[PDB]
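To begin, one chain is listed below as structure tokens, in the form deposited in one PDB entry.
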């Protein structure tokens, strides 16, 4: 912290107490959020922000540097060959990928499978030149369970079939049972603390993303209220994915209104990748990518079995 212009040992102590220890956290802060701290003046706040942006070299980039920035994105396999292909390799870090679909389509299964796959080094695809082995070492997941459907037994079973130690996954996966949108958002905001505590959070799951909000802001005369709160939550999720270079996954429910993911416009804009998961015959499922910034729409066929997601 004292490497930052204007920051002395006293100021550093204040910055850490307020949770600002990472250079990126400071480089992307506002004089306001910084001035809310004790003896941190506006000139001081401003100087350290500029310094941090500088140290993190956050300026104009062109040419090959654009490819290099894009190479810092690593991807997590879904265990499905077709889904990984439709995703352009796998689930992208630094982005929010949404899986929406009818009940039983497998949204929660995908979330569990991802927590298991995170513990298999061979399922994290990345360019060694842009992402070092250390950056993805001892990765951990955060599962924010909004409906109470987290199942340790499923994690174990999926792991065993993958040749992974079930307990190992449980030991490296943090679960937070949120009973409402307030807890849901607060937990998401506290993921920073788990990292500050030395936990390499590389996967964040929000299952479900919208169920709490829909139940709390029913009267369509309070819809604006809902969209606003939901928007702050999405922003927090997007920022955390970028700063901590981890993949963020969210599940969403659907309405008839042939259907559409709930959450309205705010969710549509904030989600980087959007899927619609359908049920085929028996254990067959179909994930339809219908929104992404660089990939074409496509469908991936897979199955949900005792082994989890496969094919």
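Residues that one form lacks are left out of the comparison. By rigid core we mean the largest C-alpha set that fits within 1.5 Å across both forms. Numbering follows the first chain given and starts at 1.
**Student:** Quick one: is residue 69 left out in at least a third of the other entries we compared?
**Tutor:** Residue 69: modelled in every other compared entry.
**Student:** Report, as yes or no, whether residue 263 is left without coordinates in at least one third of the other compared entries.
**Tutor:** It is, since residue 263 is left out of at least a third of the other entries that model both flanking stretches.
**Student:** How big is the unmodelled gap, if any, between residue 257 and residue 258 relative to the deposited sequence? Choose none, 1 to 3, 4 to 9, or 10 or more.
**Tutor:** Per the deposited record, the segment joining residue 257 and residue 258 lacks coordinates for 4 to 9 residues.
**Student:** Could you settle it for me: does 98 to 106 or 80 to 88 have the higher average Cα B factor in the PDB entry?
**Tutor:** Averaged over C-alpha atoms, the B-factors run higher in 80 to 88.
**Student:** Quick one: higher average CA temperature factor, 40 to 48 or 60 to 68?
**Tutor:** The stretch with the larger mean CA B-factor is 40 to 48.
**Student:** From the list 152, 231, 219, 148, select the residue with the highest C-alpha B factor recorded in the entry.
**Tutor:** Each of 152, 231, 219, 148 was compared by C-alpha B-factor; the highest is 219.
**Student:** Looking at 288, 25, 294, 303, which has the highest CA B-factor as recorded?
**Tutor:** Spelled out: the listed residue with the top C-alpha B-factor is 25.
**Student:** Rank-wise, by C-alpha B-factor, drop residue 278 into the lowest, middle or highest third of its chain.
**Tutor:** Middle third.
**Student:** Could you tell me which third, lowest, middle or highest, the C-alpha B-factor of residue 223 occupies within its chain?
**Tutor:** According to the entry, residue 223 has a C-alpha B-factor in the chain's highest third.
**Student:** Taking the C-alpha B-factors as the PDB entry records them, is residue 263 in the lowest, middle or highest third of its chain?
**Tutor:** Middle third.
**Student:** Comparing against every modelled residue in the chain, figure out the third that the C-alpha B-factor of residue 250 lands in (lowest, middle or highest).
**Tutor:** It falls in the bottom third of the chain.
**Student:** Divide the modelled residues of the chain into thirds by Cα B-factor and specify which third, lowest, middle or highest, holds residue 127.
**Tutor:** According to the entry, residue 127 has a C-alpha B-factor in the chain's highest third.
Not on display, but discussed next: the form deposited in another entry.
**Student:** Once the core is superposed between this form and the one not shown, does residue 68 show a C-alpha displacement of at least 2 Å?
**Tutor:** Comparing forms between this form and the one not shown, the residue 68 CA shifts at least 2 Å.
**Student:** Residues present in both forms, rigid core superposed: which consecutive runs of three or more show CA displacements of 2 Å or more between this form and the one not shown?
**Tutor:** Residues 57 to 69 form the single run that moves by 2 Å or more between this form and the one not shown.
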